[PDB]
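Trainee: Experimental coordinates follow, after the sequence.
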Amino acid sequence: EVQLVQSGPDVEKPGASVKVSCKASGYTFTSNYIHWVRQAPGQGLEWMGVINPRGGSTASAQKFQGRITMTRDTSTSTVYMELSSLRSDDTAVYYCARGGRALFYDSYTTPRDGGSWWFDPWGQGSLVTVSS
Amino acid sequence: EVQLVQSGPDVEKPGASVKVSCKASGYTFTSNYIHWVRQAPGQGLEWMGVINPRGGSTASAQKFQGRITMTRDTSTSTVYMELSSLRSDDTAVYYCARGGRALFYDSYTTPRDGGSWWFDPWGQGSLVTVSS
Amino acid sequence: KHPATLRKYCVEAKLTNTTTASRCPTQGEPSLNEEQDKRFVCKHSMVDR
Amino acid sequence: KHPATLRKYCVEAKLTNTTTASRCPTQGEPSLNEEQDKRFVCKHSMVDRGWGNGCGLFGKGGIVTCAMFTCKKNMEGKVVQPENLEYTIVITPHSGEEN
Amino acid sequence: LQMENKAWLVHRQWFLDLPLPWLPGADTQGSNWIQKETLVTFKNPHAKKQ
Amino acid sequence: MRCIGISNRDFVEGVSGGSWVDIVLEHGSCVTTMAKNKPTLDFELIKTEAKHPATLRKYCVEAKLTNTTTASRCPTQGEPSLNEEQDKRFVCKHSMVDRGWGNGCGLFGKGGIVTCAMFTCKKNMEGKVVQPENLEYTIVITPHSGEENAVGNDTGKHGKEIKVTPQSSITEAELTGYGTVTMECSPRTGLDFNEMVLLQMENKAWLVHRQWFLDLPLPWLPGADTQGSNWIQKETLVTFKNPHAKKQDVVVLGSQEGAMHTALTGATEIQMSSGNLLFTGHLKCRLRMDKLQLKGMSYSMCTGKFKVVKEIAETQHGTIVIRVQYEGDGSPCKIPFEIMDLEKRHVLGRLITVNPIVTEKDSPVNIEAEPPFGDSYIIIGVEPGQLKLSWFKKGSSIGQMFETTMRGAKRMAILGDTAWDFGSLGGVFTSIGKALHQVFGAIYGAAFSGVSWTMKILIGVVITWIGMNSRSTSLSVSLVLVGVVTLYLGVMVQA
Amino acid sequence: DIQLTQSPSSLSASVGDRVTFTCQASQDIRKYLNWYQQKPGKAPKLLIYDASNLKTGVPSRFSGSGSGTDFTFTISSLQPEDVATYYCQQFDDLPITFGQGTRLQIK
Amino acid sequence: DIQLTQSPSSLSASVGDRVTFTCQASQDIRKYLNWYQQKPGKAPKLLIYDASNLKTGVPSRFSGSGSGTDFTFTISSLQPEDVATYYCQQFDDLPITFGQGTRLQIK
Amino acid sequence: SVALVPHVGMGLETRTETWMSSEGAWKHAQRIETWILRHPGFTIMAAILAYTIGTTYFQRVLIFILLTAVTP
Amino acid sequence: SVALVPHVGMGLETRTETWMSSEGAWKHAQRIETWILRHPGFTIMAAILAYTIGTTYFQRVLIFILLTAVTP
Amino acid sequence: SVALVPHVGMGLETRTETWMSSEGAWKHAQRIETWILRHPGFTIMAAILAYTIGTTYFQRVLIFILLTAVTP
Ligand SMILES: *[C@@H]1O[C@H](CO)[C@@H](O[C@@H]2O[C@H](CO)[C@@H](O)[C@H](O)[C@H]2NC(C)=O)[C@H](O)[C@H]1NC(C)=O
Ligand SMILES: *[C@@H]1O[C@H](CO)[C@@H](O[C@@H]2O[C@H](CO)[C@@H](O)[C@H](O)[C@H]2NC(C)=O)[C@H](O)[C@H]1NC(C)=O
Ligand SMILES: *[C@@H]1O[C@H](CO)[C@@H](O)[C@H](O)[C@H]1NC(C)=O
Ligand SMILES: *[C@@H]1O[C@H](CO)[C@@H](O)[C@H](O)[C@H]1NC(C)=O
Ligand SMILES: *[C@@H]1O[C@H](CO)[C@@H](O)[C@H](O)[C@H]1NC(C)=O
């Protein structure tokens, strides 16, 4: 069905880097964008960034300047987020969903909306804990 | 005194990458080259590669084509070897000796002879085990 | 007896991971984060949008 | 109202990790593994080399230098379309009303 | 000049001047081929995706 | 030795006049001298140190503003005053805006206005000067003839590190045995200080001449600040916005460090952290050499069975070095070195090691020498003819003369009439050439200077065309002389 | 940026009540707004897209309105499975910003 | 590429004996050879550099000789602290290759 | 500012490269070539003025290259 | 650098003063006058060249003021 | 590519045959003859141009054989 599956929870060291997967099912994998959103437990939600599956452009917010990398595998229909320079503030739950798609590439807002940010297709959640 | 110190033994996953340090003491850190040599337990010695501290050129043998990276920190007088694409054959003891120095760069051979390969200054040894 | 290796030319090559990107009509010239490696080959062009 | 960001120029920059390398007199033009990133800035030059330097053959051998490029505050140049923009005009009449 | 099995003796300026991407002798963990306009070619049809 | 592969190296022949040879040496190159005896010395220049500078000027590069007062009087009665215009630490400007009953005053005019701002300074240019004393040149003079460890390695104690200052004199230096060498420097004819300004930014320094540095914008401040912050400028820095009619405002112009660097292009740079470590610049020695043995004549032609342990090793037009390893029972002797031609012996080379000598036992002694422009047999053994080596210096005679002419053109370039002093023992012709080129380059001194690369080559081609227009055989002292000096100067400058 | 303020921060109500939420934007976001529920430590669900539209599969007790900067979310009859943290979210101009959150407690 | 054969692979001798090792190279390595001991699982030590020279701090019972391709390492009097794995090593042409090894056993 | 008077023909040279190492010369030439390439109409106007005043060919070429170089 | 190409005749004007408010023009004129005052020999050389090539008076004055303005 | 610059008159010869052993020369001649045989109209055009420009007979023959050989 309309479904995404994430990876299991991970614990990493401060200053390391972590990689979270996001596998898709139920549709044509290049018909939607993938977007990554964090949530600290003592906080609400917070947007991390954006990847397009078709082609592979990315972007991210200013709070993650140079700390985040997004790749994919079109054959497995999977999106990889890699967060670098981990500190204790990065301990959070991570999320990834689907945007309605300006056909070619990312970040559009004028085609009538994205349509969710991010709770229709999204998955089950990846807890990431930065500790010693 | 005339001394090198390596890092502790490590165990990593297949396909991962490992980083081994080599810290110097007792001399002027840009007066010798640093060279990395492996030894499988059921085998003799085997040369991995070469870094220069002054400047930072590297090279390596054909058996490690594109799998090995060498950096340094001049302030801490330390040399880092990073072996990528780990497999079960990489489980070995690692060594970092020094060479007499063609002043500027590389693994020259005509200036007399390096003079050891590698057991005068070398250190205490880094065991690296690739396992699941 | 003793040669010294000066050069490597590649004769056959293969490609992978094949990323592409386009910004917008005349705002933005496109960027891509995997243009940072010189191991990737990259080219700008102009298409239509 | 709605601009779109087209360009970043760096104004102040700093350098780190400062690697460099030289081949030999006319065998080899030098390579360095951290030339792989375009984040590093790199340049070839030719200096001189001899046995004093240690190598041999006494030539004017090539050399490289490399540096990691980190950026300070920037120019954040933006463009606007000929929509998403409003002019505000106050039209006011005469005839009295002090203040 | 060594290919897969054979070798040839060619003079230096020609061999430097030749296309088919450059790479210097200190590769090992490099793959830093500073060329590739002579090799891999990019199709662009009439308007769309290249 | 300490001088191989450091190319642009200054060979010097001749000692005549008794012993005095005039040498001009600089930080970049080094000088190798020769004579019929008195073995070959190597003159490498290393660091200059100007010990006691004195601070003449502070330029502010980044500034900030505070307390931002401003005032306006009325339409044409009153021009405005403000009590914090009293300090020169505040920057102030009058302007005229407009005023009316909307503004409140009356009479509906274009009334004057002032604005004021306190001026605080960030990191500065700390420009200093030095007198033509309190400065020393350090010269390493090193001899040839053996001693392995490296025909390079200027680091190391084989050549003595002799200092010289203009408060000093004939510069007596001692070496191992033979090397009592007297050097008479003339440091006052060097860079010509009291026209120099060392200029220190946050980490770096530059050497720029004085009139330019005084003439530069980016506010003035004299050396006696410490309290003051009395910057008598600021029309070049902080700029005042005035929109169409109303209130004017203050604007910091920002750091001009990049614009500063773009200004001091074309100027030599210098590390200055530990007092001073001054670099590139030249000086002029006169060299007296009596006081010199050949490290013993006092020996024998050796027995035989030498051994090479090093390659052929050609450096830089002819200078080729060979490192031999004596084997045998030498009790240190000489080395029977020769550069011969083929059979029916026509021995023609030169040895620049003169009287090379083996040390105590096995130690790889090394020898440099110059073959002719072609085939040559370099031979070192004697009784069973022990060892020949073939060598082919590619070269030419005409190409060597043309390259020497290019060296002489580069000496007619960058180094001035000191390069007329760069030879020796000239008597009439060299002295009259130095005086003639002195007055000639004085006429082409300031005196058509201050121009860049492009404009120099353009003024060269226009003056060579107006010389080519050929009136009354003024075309020579016009066209050919001026075109040669302008083109061969313009394509060589801005290095 | 576009600061998005969500009000109030927490509420308690009984079953069957009508509850309204208000989100205010510092800029004009004319229709680009979304409303979400989040059950704590669970997989959450969209409620309202375009600030006026139901998602198919969402029951009809939810609604939203508002145009300029002030937006009102409304549950007609509060039900015991609707205890969640509720978020409003801008879509415009893309430093994409969420609301702070609104927790519910059943009386 | 340049191979290096070490012979023999293992030896046993009594205390005080004279033992010799032979290493053969496929190329000319004219003086570039080194001899090392290795105590098992320990920090090992250089014995001979340039195939003829002792290191200062090494006792005088060790020696080496040979020029062209065949090289001979020699312990004059075997001592019980000299049980180790002994290696010969080329330095020339730089795909730097070790010998296979030579283990010792005390009788 | 100190954008100009870029310490060029002052003298004071040495054997070694000074600050920008033959990059300022190519900087100057490339920026004036770029400015000619962006504004062709002024180049055409300068060519017309060179053809009108002067009228001996060398004078024409001289004042044309000067009016290309008169830009600040 | 961005020391030059100082965005001058691009267009885009308005009723209001733009950035330096008629200070850049006097900046340009005063620095070229200062550079003429420091280096009189090049001015004399330019005057001699103006008297030699051209030789109609207007052409002389034109190329003289140009060779005063050719400095970077 | 390396389709051309086929290392021909570089020097470096010896007594023995080098790589293609007098097959590359006949390769070159036969392919240009084949290309002339396939495209006669360009040959006629080259002949007309040879008859028009030049007009001394040797010059005609020279530029005709050249315009047959100008093909890449
Ligand atoms: C410009 O208009 C404002 C708004 O009307 C004026 O402020 C008013 O001044 C009158 C004077 O008696 C007061 O009664 C009002 O209460 C003021 N309005 C306020 C405070 O909102 C202002 O005075 C006018 N400007 C001038 C120079 O008169
Ligand atoms: C440059 O000179 C120095 C000083 O002579 C050389 O350092 C010496 O090297 C020998 C080699 O065996 C040592 O015995 C000395 O103890 C060293 N002197 C010291 C450490 O003060 C240096 O080797 C020379 N450079 C080269 C490339 O040979
Ligand atoms: C390229 O793609 C493969 C699978 O499609 C993936 O394993 C690999 O990591 C990708 N390369 C990079 C640099 O991400
Ligand atoms: C650069 O140097 C710092 C130490 O100053 C080190 O921590 C860092 O890893 C280095 N980075 C690279 C890319 O070498
Ligand atoms: C100016 O501002 C400073 C703040 O650092 C403070 O001393 C005071 O507010 C002002 N000083 C004056 C007006 O003298």
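Mentor: Received, thanks. Numbering: from 1, shown residues only, chains lettered A, B, ... in the order given. Ligands and ions are numbered 1, 2, ... in the order given.
Trainee: if I look at the residue nearest the centre of chain A, how far off is residue D:45?
Mentor: Residue closest to the average C-alpha location in chain A (C-alpha atoms, centre = their mean): residue A:36, at 2.5 Å. In this view, residue A:36 and residue D:45 are 44 Å apart by C-beta to C-beta, to the nearest Å. (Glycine included, C-beta is placed from N, CA and C.)
Trainee: returning to that earlier point: please, which helix or strand holds the residue nearest to the centre of chain A?
Mentor: strand A:34-39 (DSSP states H and E).
Trainee: swap in residue I:43?
Mentor: helix I:40-52.
Trainee: again, but for residue I:66
Mentor: Residue I:66 belongs to helix I:57-69 when assigned by DSSP H and E.
Trainee: From the centre of chain I outward, give me the first residue you hit.
Mentor: Closest-to-mean residue, chain I, C-alpha atoms, centre = their mean: residue I:69 / 3.7 Å.
Trainee: what residues are up against the closest residue to that one other than its chain neighbours?
Mentor: Closest residue in space to residue I:69, ignoring its immediate chain neighbours: residue J:70 at 5.8 Å, by C-beta to C-beta, 6 or more residues apart in numbering or on different chains. By C-beta atoms under 8 Å, 6 or more residues apart in numbering or on different chains, the contact list for residue J:70 reads F:455, F:458, I:66, I:69-70.
Trainee: do you know how far residue J:70 is from residue J:27?
Mentor: 18 Å.
Trainee: With residue A:123 instead?
Mentor: 62 Å.
Trainee: OK, contacts around the residue lying closest to residue I:54 once chain neighbours are set aside?
Mentor: Nearest non-adjacent residue to residue I:54, counting by C-beta to C-beta, 6+ apart: residue I:60, 4.9 Å away. By C-beta under 8 Å, 6+ apart, residue I:60 lies in contact with I:50-51, I:54.
Trainee: which residues of chain A fall in strands?
Mentor: A:3-6, A:10-12, A:18-25, A:34-39, A:45-51, A:58-60, A:68-73, A:78-83, A:92-96, A:126-130 (DSSP state E).
Trainee: Is the last one positioned near chain G?
Mentor: No: contact between strand A:126-130 and chain G is absent, the nearest approach being 9.9 Å (criterion: C-beta under 8 Å from any C-beta of the partner chain).
Trainee: So in that sheet, which strands flank that strand, and in what orientation?
Mentor: Here strand A:126-130 is paired, per DSSP bridges, with strand A:10-12 (parallel), strand A:92-96 (antiparallel).
Trainee: which stretch among these comes nearest residue B:51?
Mentor: strand A:10-12 (28.3 Å; C-beta to C-beta).
Trainee: The closest residue to residue A:30 other than its chain neighbours: what's it in contact with?
Mentor: Take residue A:30 and drop its neighbours on the chain: the residue closest to it by C-beta to C-beta, 6+ apart is residue A:54, 3.8 Å away. Residues in contact with residue A:54 (C-beta under 8 Å, 6+ apart) are A:30, A:103-105.
Trainee: Of those, select the buried ones using a ChimeraX command.
Mentor: Buried members of the contacts of residue A:54, defined by 16 or more other C-beta atoms under 10 Å in any protein chain shown, are picked up in ChimeraX with:
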select /A:30,104,105
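Trainee: What about whichever residue of chain A sits closest to ligand 4, how many residues nearby?
Mentor: Nearest residue of chain A to ligand 4, counting by C-beta to the nearest ligand atom: residue A:15, 10.0 Å away. Neighbours of residue A:15 under the rule other C-beta atoms under 10 Å in any protein chain shown: 10.
Trainee: I'd assumed residue A:85 was in contact with it.
Mentor: Yes: contact criterion C-beta atoms under 8 Å: residue A:15 and residue A:85 qualify, at 6.4 Å.
Trainee: and residue I:24, what are its phi and psi?
Mentor: phi -70, psi -30 (degrees, to the nearest 10).
Trainee: Residue I:31 in helix, strand or coil?
Mentor: helix (DSSP: H, G, I helix; E, B strand; the rest coil).
Trainee: Look up how far residue J:3 lies from it.
Mentor: 10 Å.
Trainee: quick one, which of these two is more surrounded?
Mentor: residue J:3 (19 against 15).
Trainee: So the more buried one sits against residue I:3, correct?
Mentor: Yes: Residue J:3 is in contact with residue I:3 according to C-beta under 8 Å; the separation is 3.6 Å.
Trainee: For these two, list the residues in contact with both.
Mentor: F:259, F:262.
Trainee: What is the burial count for residue I:12?
Mentor: For residue I:12, the neighbour count with other C-beta under 10 Å is 18.
Trainee: my bad, residue G:43
Mentor: 12.
Trainee: The residue nearest to it when sequence neighbours are not counted and residue G:82: what is the separation?
Mentor: Closest residue to residue G:43 apart from its sequence neighbours, by C-beta to C-beta, 6+ apart: residue A:124 at 6.1 Å. Residue A:124 sits 22 Å away from residue G:82, going by C-beta to C-beta.
Trainee: likewise residue I:42?
Mentor: Per C-beta to C-beta, residue I:42 is found 72 Å from residue G:82.
Trainee: what's the answer for residue A:60, then?
Mentor: 34 Å.
Trainee: Repeat that for residue I:15.
Mentor: Counting by C-beta to C-beta, the gap from residue I:15 to residue G:82 is 84 Å.
Trainee: So for those two, which sits in the more crowded spot?
Mentor: When residue I:15 is set against residue G:82 and neighbours are counted by other C-beta under 10 Å, the residue ahead is residue G:82, at 20 against 16.
Trainee: wouldn't that one be in contact with residue G:105 here?
Mentor: No: in this structure, residue G:82 is not within contact of residue G:105 by C-beta under 8 Å, at 11.2 Å.
Trainee: Excluding covalently adjacent residues, which one is nearest to residue G:102?
Mentor: residue G:86 (4.4 Å).
Trainee: What strand or helix carries that neighbour?
Mentor: Going by DSSP H and E, residue G:86 is part of strand G:85-90.
Trainee: from the middle of its chain, how far away would that strand be?
Mentor: Offset of strand G:85-90 from its chain centre (C-alpha atoms, centre = their mean, to the nearest Å): 5 Å.
Trainee: can you check stretch A:11-27 too?
Mentor: With C-alpha atoms, centre = their mean, you get 8 Å for stretch A:11-27.
Trainee: Provide the contact partners of it at residue level.
Mentor: Stretch A:11-27 has contacts (C-beta under 8 Å, 6+ apart) with A:1-7, A:10, A:34, A:36, A:76-88, A:90, A:94, A:96, A:121, A:123, A:126, A:128-132.
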